[PDB]
Amino acid sequence: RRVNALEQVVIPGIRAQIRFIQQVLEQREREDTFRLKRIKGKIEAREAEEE
Amino acid sequence: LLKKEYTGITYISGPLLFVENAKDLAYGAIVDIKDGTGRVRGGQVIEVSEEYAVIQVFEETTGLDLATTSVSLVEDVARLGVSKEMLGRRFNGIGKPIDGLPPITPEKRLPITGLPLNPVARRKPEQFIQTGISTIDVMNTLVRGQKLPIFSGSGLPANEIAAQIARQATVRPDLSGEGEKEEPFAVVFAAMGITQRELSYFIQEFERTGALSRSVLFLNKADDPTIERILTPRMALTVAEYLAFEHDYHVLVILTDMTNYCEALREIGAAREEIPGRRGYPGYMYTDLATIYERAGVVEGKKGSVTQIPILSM
Amino acid sequence: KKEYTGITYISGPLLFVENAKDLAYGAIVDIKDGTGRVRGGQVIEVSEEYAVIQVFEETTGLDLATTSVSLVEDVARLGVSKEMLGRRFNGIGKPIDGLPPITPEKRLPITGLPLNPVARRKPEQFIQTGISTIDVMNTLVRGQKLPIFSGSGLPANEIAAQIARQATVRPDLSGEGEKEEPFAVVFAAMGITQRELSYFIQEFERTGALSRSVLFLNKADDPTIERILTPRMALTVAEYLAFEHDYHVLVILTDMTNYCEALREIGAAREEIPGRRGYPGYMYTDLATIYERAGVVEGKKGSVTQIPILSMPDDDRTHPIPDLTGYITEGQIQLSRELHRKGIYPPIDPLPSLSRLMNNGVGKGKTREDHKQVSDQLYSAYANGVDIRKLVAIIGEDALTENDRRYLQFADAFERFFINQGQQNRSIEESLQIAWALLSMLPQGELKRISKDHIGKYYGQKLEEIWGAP
Amino acid sequence: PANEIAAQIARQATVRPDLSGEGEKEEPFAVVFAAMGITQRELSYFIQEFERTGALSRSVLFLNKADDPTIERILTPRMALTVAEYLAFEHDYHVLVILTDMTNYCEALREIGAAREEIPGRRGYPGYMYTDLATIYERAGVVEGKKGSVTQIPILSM
Amino acid sequence: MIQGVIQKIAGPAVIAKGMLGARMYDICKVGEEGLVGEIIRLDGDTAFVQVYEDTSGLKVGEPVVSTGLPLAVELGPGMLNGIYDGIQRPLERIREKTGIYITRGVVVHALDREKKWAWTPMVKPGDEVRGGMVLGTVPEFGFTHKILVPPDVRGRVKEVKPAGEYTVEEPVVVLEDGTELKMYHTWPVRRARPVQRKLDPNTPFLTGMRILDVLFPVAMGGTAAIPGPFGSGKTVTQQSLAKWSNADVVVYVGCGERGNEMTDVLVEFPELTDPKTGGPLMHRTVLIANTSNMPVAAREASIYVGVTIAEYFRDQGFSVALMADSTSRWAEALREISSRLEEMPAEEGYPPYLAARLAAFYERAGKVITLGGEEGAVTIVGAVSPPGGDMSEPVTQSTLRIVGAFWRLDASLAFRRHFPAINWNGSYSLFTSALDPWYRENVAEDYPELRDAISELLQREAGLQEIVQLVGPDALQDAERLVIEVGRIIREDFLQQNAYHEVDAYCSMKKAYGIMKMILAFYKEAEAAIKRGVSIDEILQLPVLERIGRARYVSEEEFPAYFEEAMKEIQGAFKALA
Amino acid sequence: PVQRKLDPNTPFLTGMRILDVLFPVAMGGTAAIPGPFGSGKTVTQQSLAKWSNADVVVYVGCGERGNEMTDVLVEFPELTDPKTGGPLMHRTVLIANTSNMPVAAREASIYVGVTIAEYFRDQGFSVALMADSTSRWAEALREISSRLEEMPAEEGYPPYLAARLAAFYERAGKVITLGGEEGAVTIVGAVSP
Amino acid sequence: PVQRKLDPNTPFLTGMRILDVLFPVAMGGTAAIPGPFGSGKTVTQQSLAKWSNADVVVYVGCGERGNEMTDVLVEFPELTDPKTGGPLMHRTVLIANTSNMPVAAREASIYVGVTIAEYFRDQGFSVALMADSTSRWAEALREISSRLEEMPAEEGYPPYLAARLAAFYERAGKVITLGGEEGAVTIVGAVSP
Ligand SMILES: Nc1ncnc2c1ncn2[C@@H]1O[C@H](COP(=O)(O)OP(=O)(O)O)[C@@H](O)[C@H]1O
Ligand SMILES: Nc1ncnc2c1ncn2[C@@H]1O[C@H](COP(=O)(O)OP(=O)(O)O)[C@@H](O)[C@H]1O
Ligand SMILES: Nc1ncnc2c1ncn2[C@@H]1O[C@H](COP(=O)(O)OP(=O)(O)O)[C@@H](O)[C@H]1O
Ligand SMILES: [Mg+2]
Ligand SMILES: [Mg+2]
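As structure tokens, then:
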């Protein structure tokens, strides 16, 4: 009974949490990349304000 | 009618190119792009202003140059020429035949984006469809005008179930008390992102039972340009709407794989530098999918009906 | 000779100089201010109107009125000579031991050319490092790239110093006795502190190991571009010695994690969009130009061998730095935290470690002919014993079978004697003798992996040869 | 129920001179109440609770409701703490300060910070939010040579 | 062509001016040093060119010259017995003129420009020639290389050179419109070569591995994928397919590989022999080798050069097999190139168009009717290396959507030294039914209805694992102890194969059929003897079990006698049982 | 504008046992019903429209299916108002903006519905307002902010998202009207995470 | 400047059993104590200030509460030096910069404290330096960088953050002073993730 409970309940429960946390972290990283892109684009336009 | 050409290309990078003096291009128009070798590419105007207009190209930008490229206007809105003779034909998902037969003669030209149905003009779906499958017909029955997707896995036989439904579906008027009489029934099959093996399987399966005489096939392959995948289901829905609501057919539309459509949409949207959504997909996925799924139903005062069975793999 | 005085912008590590189109990209410049102090710098971007210079050290005291920039060299070059053996340098070739500078026999660019893949040959000769768990089970072959994966508190520096002090080749074991083999060690340390610097200096100089080594030492408070340029100069010297004087060199890079973080800082300072987890997108390419300079070349007698060292940030093998390292290198040696806490040195764990090129270097005619089967049998027996050692805690020792008790005792004695060698220097024959002594605990006939000739020749030795002589 | 706990604390709080050995009796606490984005359901409860215990005669109330403009929430804690500091260190009062929701204040701060495109911290909040919050909390304490004191009970939802 | 000057240098990114008229994605030569690059952005009079090599030492004002063509390969006589990098530079001829180091800016030609070839025409003046037809033949080792008119050229033939010795640069056929046709033509690597009609594959691709071409076969013109963890057996299987397969021409692509492992292929291959003809193995192979320190642009385009060459050899009527080693290390270069262009990632850092490129690479395979009317086929086998041995990695998920077969290697079997480590439960194939008509004519009538019996035997063994794990095998009844023993016999005598052995490295189809026949005969006789009432202990002692065990190592021509002797001996032994 | 707001002291009878007994909502309160797809939000809201004791029902279909609106239009004239005896459609106002309609009109429909509900409050009636989804309104705000090149706060939403929701739900409650009569508005909003 | 750096061969006695026994620190060493809020950093550092065997103690309150500085100012004059016998405050220097004080002064306080500690080293003493929070220094550097409009690194910090921290911990160690005496500086820095 203990072996079957560990094999069929606990392990997928841990694995789903891992899969959720990975996606949350990846989404935060993607948002950071977008913010950095906006910052670089704003910096480039400031230098060329008077050719 | 005469044609106009713009030669003021100022900036090319990635999938976009800028035309300077094009102040008379309508937003959302369709253009054709001709390079120095005579090869013609297609494109759509996605942004227009006084200074310039922004055009994205449907395929690779390789070979273009600022000195010799010219952009010509095709039409203000995308339109498809439809006719009743399209039954039994095959098309490449953009509107051109690939069966080798001569092209069809258009009866009318209709916009492919369609128009929203007035909720007052609709009526309740009330007639069942015999699918020939015991689990579907008895427990999860299908009504004329419904949209009922199939959720599949990676290895599960979704294509076989699709082919079986396309072969075996029928409408039974004798059960309804209307009397045993003929009902015009048609199948519009749209496949996007399929491989050659599955394409051959679908062609052979449709030809084997002789169901091709009542079917229109829109076929798109995996090595095709990604814009054809976006435009493929809209052609099928335009044809189905035309048949059902002008010639009173009972049509059945099968969208083979919506997952490839979503990947193609993510690829297109991210190229324009827009903020992504839940998993990199664009934030406007819900509206874009609603513009496709909501075109089915029944209309009060008419006999035709449109039914959709999308298929996707989770 | 020419000096540019058109400074227009100073902020952080960058400065802009107008009308400086004569400067080549990547050129080295010097910055002179009103107090007479001279700083270093590198040109990172050239344009029609101005050039961008990244400055070494701080920018305190600079001004837009009096500062001037002159050109030093078009590309970064290093003067090399055979008199570099027994010297210490600061990471850009400046001596720090107080001796006069070496006269250059040649000046070479520190960014080397790639090796032609058709000019290489298969590595087939091994190096005796003096450590049993490396020489027997994870043998290092001349021309291999075999990194060591360590942690925060684990003693990687001690293992690096011991390997540098003990490494040698064995020409007597190869063929009919072979002949003279010149040997050298190139040591490069990135981002080390004062304590590690003192430890390395006092370890190298106390036993005569300095007479065959070149040390490139870079501190943690030194400029980051120094840390970027540190390993390339070591590789340049190693390649010069190996392929123009027929030396067998060994290169030890002390911490690649510090190099990766310095690369991240440099990339972020030049406004570049990063990749995964904030690291630069070209990190795989950048690391590949350092690892792939090792090898052995047809028609040449020398060889280059690399042992990189890197610390996993949270003992995470999914981090980009250890993950991309395994894509380029030919194996791994992994240190264990629980072995370290149990008082065992060196704490090398035989389970996750692997050497890709072990089969070419071991065997008849280059070492003893029982090497591979003995290593496989040791691996299998230890892997069997480590789980019985946990099952005992629940079911009790008296409930086990006899062979399980044999495996449990073997797994205890293995960690007690084979791994925990301390500061001892063991030859390959001694390590094989100890390995055969441990295998005698297991009953004969249980050794499925070893052929009958070797069993009849070597089985039956007592463990007292090392038990009574520790 | 954080609001009921706060009201109960304000109703029942007292010092114990007999145990402490001071022997000096006290006047009751003066309450300075600052609301940011509060709804009508909670505000009607707070008003009735203060009416029933007779504490409105000693209280000063700053109210910024949920249908009020958002950017006004920047000012309200500063006004409340200025009045509290003046009363405590100029007229020897013992002031108890209750701030209803700091989450609304942080949202109002994030809106302005994102309008100006500051460098964010975690989850999009501006990087100076630690400094901005510090100027509000650090206005309490006791001053040498003065009888009065300021006590704060902020309330925030996780 | 278009010439300009350098305006700005910053890393690999170079901005040139005066380049009005330059085209998108052309190849440019940058500076006096002759470094190469691609144009990626056009803006007014300027062009953004990205240099492949190291740009240190460049100065502002050096000329930039555009070649006017995109990335292209030279297709013609002289590609066999050659070693190239990812952008088709011959490494052997570079070594002869440069030494052990690849100096930047070296210029060499893909096809040798000074070797005589024996021309022989097959057209006469006045002939009407369409694209894809044949102009003549040229002998090349054991083959006859056919000169093909390029797919976009048509006209009438004016004059034909007579037979004799000629180089690849000599114009051998001149058309009536002034076009001169040489022995070679160039083609863009990102353009698929056109055909008349694709066909359904119907003949098997024989690999020489006993498990592969029996349980999960791949058809000639199909695709396959072999993913696995570190040290599972990918590289050994790829080299075994290169050594022993029955394709006419083999193209081997290392798309970014460990240097000391690429050395093994570059050294060992010249020593080997051709399985069919007995000549050198390199006389039928084209090798494309890239190490990790090669330029990233050469690593990314390596799988397109290989597939273009394979398509070129397909158009001549051959059958080509293409081995792609570690496509994960190609996806790494794709990710790096995407990162240098500042693109928003999807999934774990990959660009959102990864699944488009993987689809565009695998879809070029298939049996076709060539433009000249001949048949041809390209077979693609690619290896994937997930970072942690997990199949949820995006590259694996994008690969498995389009491949026709899927061989999954297992880390558990590699730990037990069971090689090949193919997991026979997670694997599948989709070519068995189409290949069934071919098997019953060339192997034996019983073969398709004999393989499924062994598959059933393997399936029955898997269902008993929940009982064997609970209670030891000696407590089972004989009716399932027998199938346990037969499963062990199958797993250790038929599925297992040693690639380093002298005779076990290759296995023909009839030898495998004989082994299967022997195993099933043993199962039937043992089941009957159990039904008589004998104990299983006496059955397992029979010497014929060792004879089945020795069936792997018996020689390929000695096998017909050994099979007959074993089939007589097994009946003689089981008849004498109680 | 109103004169005073009052404390709710009478229940909003919905007709469902679990909602009326275990988790009651008052005559001036607000409730939210989150849930995934297929959970039963639309059925619950339509049952509340059919069987509640409110005088006037205002239904807002912000970005939902058209078949639901067609079903409401068809089947409601055939039902009977519980507290009047007439047709059930005589007390109902429908505002429909389906999913394939323009996105920008999703924002206006919520304000139109709540303004109509406030107007019927001032005549002395008790009004129940049903919002089919507020996540679609949030998506409309996100799209408009994306066209404005504003910096998003979390998951791409604009930073002022909470202010709009707070201002929308604050319209509810039991009040004393300017004419001296009593009225109340309840808001039930569905959320689709 | 100094004359020569020496080897660490004398323990720094803190008075806490776990730190003195299991995880020792030498006289010239550096130690870091990270942890969440309410874990025990401030109490540990104040215990080190009270009970250690260093001759001079320098305390840097970078961006923390003022109540702890008041506690140190009040409690310390009543205590006894473990090795001198006089008041404990006679060996202590306090550099205070609370959280509501201006942001840019957080960077200056660390340098002032380390310079004073280095000055007391040159007289032949052994000095213990405690930094109350070095995370507030990084937050201040991030705050200034937002005005400069520079490109940020991971988590928004300026790219030169790691150089400053490396240059700050490098000042610690046991040296031979320019006057020939022997002194030492040991640094303990708290981190607030
Ligand atoms: N068919 C086989 N016969 C014998 N040994 C094999 C076989 N397949 C794999 N191996 C062993 O497994 C190891 C796998 O190495 P290799 O295949 O080169 O790397 P990877 O599996 O990571 O590509 C090899 O060292 C080899 O000894
Ligand atoms: N109270 C109920 N009684 C019976 N069926 C219900 C009930 N509530 C929900 N359902 C079932 O839920 C299905 C659809 O739920 P729906 O209201 O559309 O959820 P959503 O609007 O979130 O998609 C209906 O087909 C109906 O059968
Ligand atoms: N050694 C200790 N003995 C008793 N109490 C302690 C000890 N260390 C910490 N504490 C308690 O833990 C709390 C942590 O306070 P403090 O260290 O100021 O917070 P932080 O660690 O966040 O700076 C203190 O209120 C104190 O009462
Ligand atoms: Mg709903
Ligand atoms: Mg503290």
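Note that the protein sequences, when read in sequence, are chains G, E, D, F, B, C and A. So in the authors' numbering, the last spot in the first sequence is 209, and the numbers never skip. So in the authors' numbering, the last spot in the second sequence is 316, and the numbers never skip. So in the authors' numbering, the last spot in the third sequence is 474, and the numbers never skip. So in the authors' numbering, the last spot in the fourth sequence is 316, and the numbers never skip. So in the authors' numbering, the last spot in the fifth sequence is 578, and the numbers never skip. So in the authors' numbering, the last spot in the sixth sequence is 386, and the numbers never skip. So in the authors' numbering, the last spot in the seventh sequence is 386, and the numbers never skip. Yeah, the Cβ is synthetic: ideal placement off N, Cα and C, and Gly gets one too.
Give me, in chain order, the residues of the same chain whose beta-carbon lies closer than 8 Å to that of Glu182/F; leave out the 5 immediate sequence neighbours on both sides.
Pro175
Could you tell me the boundaries of the beta strand (DSSP E) in which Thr223/B lies?
223–227
What do you reckon, are the CB atoms on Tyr52/B and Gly68/B nearer than 7 Å?
no
Any alpha helix (DSSP H) of 4 or more consecutive residues that is wholly inside the stretch 347–400 of chain B
354–362, 394–399
Interface partners of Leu194/G on chain D, CB under 7 Å
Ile277
Of the choices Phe208/D, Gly335/D, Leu214/D, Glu209/D, whose alpha-carbon is the least far from that of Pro354/D?
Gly335/D
Can you give me the Cβ contacts of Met282/A inside the same chain, cut-off strictly under 7 Å, excluding the 5 residues immediately before and after it?
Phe269, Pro270
Taking 7 Å as the threshold (beta carbon to beta carbon), is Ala292/F in contact with chain A?
yes
Cα separation between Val122/D and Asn81/B?
14 Å
Can you tell me which of the three DSSP states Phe318/C falls into?
coil
Under 6 Å Cβ to Cβ from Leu272/C, same chain only, skipping five residues before and after it: list those, please.
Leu281
Return yes when at least one heavy atom of ligand 5 lies under 6 Å from the C-beta of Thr235/A, else no.
yes
With C-beta atoms as the reference, is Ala359/A less than 7 Å away from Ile380/A?
no
Could you name the residues of chain B that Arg188/G contacts, counting a contact when the two beta carbons are closer than 9 Å?
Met344, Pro345, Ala346
How would you list, in chain order, the residues of chain C whose beta-carbon sits under 7 Å from the beta-carbon of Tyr286/E?
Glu336
Is there contact between the stretch 495–511 of chain B and the stretch 237–251 of chain B, where contact requires at least three CB pairs shorter than 8 Å?
yes
Counting C-beta neighbours from all protein chains within 10 Å, is the total for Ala566/B 16 or more, i.e. buried, or is it exposed?
buried
Return the CA-CA distance between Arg440/B and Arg329/B, expressed in angstroms with no decimal places.
41 Å
At the level of alpha carbons, what is the spacing between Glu311/A and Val286/A?
13 Å
For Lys198/C, go through chain F and note every residue whose CB falls closer than 8 Å to its CB, in chain order.
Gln198, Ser202
Can you pull the chain A neighbours of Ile201/G, defined as C-beta to C-beta under 9 Å?
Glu342, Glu343, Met344
Answer yes or no: the CB of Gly231/A versus the heavy atoms of ligand 3, is any distance below 6 Å?
yes
Would you grab the beta carbon distance between residue 1/E and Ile152/E for me? Rounded to a whole angstrom, and I think it's under 8 Å.
Nothing can be reported for residue 1/E: it is not among the residues displayed for chain E, which extend from 3 to 316.
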